[PDB]
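Chemist: Let's see this in three dimensions:
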Amino acid sequence: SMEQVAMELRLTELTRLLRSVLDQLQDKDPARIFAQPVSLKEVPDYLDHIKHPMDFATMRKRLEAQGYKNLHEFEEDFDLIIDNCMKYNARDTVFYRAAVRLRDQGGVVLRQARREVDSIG
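Modeler: Numbers count the residues shown, from 1 in each chain. Next up is the structure itself:
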């Protein structure tokens with residue numbers, strides 16, 4: 001149908017906007033602490049601590065499959081990255097500190113993306 005195509009064009013454009021958002025958020029992680037999944041070879045007990053792991057490479061795979069239907073879903077995944085880190089790692093660690101900085105700096109990027117998604121439909 002012509003409606004299914006119009007919907008697919010909307011999802012495509014959302015994916016385009018989320019791709020830019022993701023690149024901007026990931027620049028706020030210059031040390032690449034959140035770039036890839038926590039290694040189960042190197043942290044064998046991680047899944048006993050964290051039930052829903054997340055990282056920027058896993059978000060990128062979902063993105064390119066047009067697996068995000070709205071910004072809320074995308075934010076959920078970003079929020080997992082931060083919140084998982086802040087639970088697993090203690091306050092006085094480079095890891096926890098990196099999460100806090102990502103959170104604070106990403107908030108700005110996400111504040112305007114919410115307006116761009118409401119604005120452009």
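Chemist: contacting residues for the residue most central in space within the chain?
Modeler: Closest to where the C-alpha atoms of the chain average out (Cα atoms, centre = their mean) is residue 78, at 3.1 Å. Neighbouring residues of residue 78 by Cβ atoms under 8 Å, 6 or more residues apart in numbering: 25, 59, 106, 110. Where C-beta positions appear, they are placed from N, C-alpha and C, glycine not excepted.
Chemist: One more pass at 10 Å, please.
Modeler: Applying Cβ atoms under 10 Å, 6 or more residues apart in numbering to residue 78 gives the contacts 21-22, 25, 34, 54, 56, 59, 102-103, 106, 109-110.
Chemist: now residue 69
Modeler: With Cβ under 10 Å, 6+ apart, residue 69 has these contacts: 11, 14.
Chemist: Residue 87 versus that one, what's the distance?
Modeler: 27 Å (Cβ to Cβ, to the nearest Å).
Chemist: circling back: ok, then the element right after the strand or helix carrying the residue nearest to the centre of the chain?
Modeler: According to DSSP states H and E, residue 78 maps onto helix 71-88. The helix or strand immediately downstream of helix 71-88 is helix 94-119, counting by DSSP H and E.
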